[PDB]
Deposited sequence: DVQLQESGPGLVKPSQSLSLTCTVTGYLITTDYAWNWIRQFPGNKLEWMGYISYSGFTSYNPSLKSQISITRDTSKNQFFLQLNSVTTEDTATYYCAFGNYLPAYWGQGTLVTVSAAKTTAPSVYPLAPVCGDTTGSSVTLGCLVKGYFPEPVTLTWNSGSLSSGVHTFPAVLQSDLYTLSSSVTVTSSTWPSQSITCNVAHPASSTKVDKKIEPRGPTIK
């Protein structure tokens, strides 16, 4: 099979340089094809940035010429993207892809935020239902972190159905995110449900068990 995996810093300061790696598996980048970079801005806009061919020739989007460089390391079967002196407008999801030469297969994409704001760990709060059916809805609230993304799962991911995780929203340099999970009443509290949150940026991993509320007055 042929799989592409992007990797790199999720947060870079303005005026600094951006650096991304695409690791290719299942095919040698020296054999054939063009190896592309493409980004998607917030709002869904897609932009082709450029490619490096199997033969090592490069082609760049004229809009980016004096900023961009695409290189490769044939010993690690990797190709790279570099933008010098980024600005906040370079904030986007970056994708590696390959085609012959037009892109035909895409990577998983990696988010890069360009900002001056400071990396901040999340507070995670359990949301237990009010004392007042056949199903019950629990929640998790994650506040005051930066930058995106956080990884939120229920029971380390074993809980999948009936989960709704709401897109993070930025306010005053800090993100808020929430998630709800609906299960049958024969499931909880008879069985423990825990919200798990991972924030790679701050090396944070925290767990929060949802405990039933006590009786109301």
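> Where does the model skip over parts of the deposited sequence?
Replying inline: Unmodelled stretches, in sequence order: 133-135, 221.
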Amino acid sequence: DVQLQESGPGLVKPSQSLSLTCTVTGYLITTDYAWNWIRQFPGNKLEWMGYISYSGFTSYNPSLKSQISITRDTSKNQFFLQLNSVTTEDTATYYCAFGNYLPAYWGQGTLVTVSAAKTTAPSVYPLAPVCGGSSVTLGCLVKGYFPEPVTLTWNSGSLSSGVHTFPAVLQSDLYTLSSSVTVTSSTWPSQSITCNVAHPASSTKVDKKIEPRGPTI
From here on, numbers count along this sequence of modelled residues.
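> What stretch has the higher average Cα B-factor here, 47-55 or 182-190?
Replying inline: The stretch with the larger mean CA B-factor is 182-190.
>> If you take the mean CA temperature factor per stretch, which one wins between 208-216 and 4-12?
In response: Looking at the recorded C-alpha B-factors, 208-216 comes out higher on average.
> Which one of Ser75, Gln108, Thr113, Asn100 shows the biggest C-alpha B-factor in the PDB entry?
Replying inline: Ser75 has the highest C-alpha B-factor of those listed.
> From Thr87, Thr137, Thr93, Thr71, which pick has the Cα B-factor that tops the rest in the entry?
Replying inline: Of the candidates given, the C-alpha B-factor peaks at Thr87.
> Which third of the chain holds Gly133 when residues are ordered by C-alpha B factor: lowest, middle or highest?
Replying inline: It belongs to the highest third of the chain when residues are ordered by C-alpha B-factor.
> Compared with the other modelled residues in the chain, in which third is the CA B-factor of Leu141?
Replying inline: Lowest third of the chain for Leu141's C-alpha B-factor.
> Lowest, middle or highest third: where is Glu148 by C-alpha B factor in its chain?
Replying inline: Within its chain, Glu148 is a lowest-third residue by C-alpha B-factor, going by the deposited values.
> By the record's CA B-factor, is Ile29 among the lowest, middle or highest third of residues in the chain?
Replying inline: According to the entry, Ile29 has a C-alpha B-factor in the chain's middle third.
> Taking the entry's C-alpha B-factors for this chain, is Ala117 in the lowest, middle or highest third?
Replying inline: It belongs to the highest third of the chain when residues are ordered by C-alpha B-factor.
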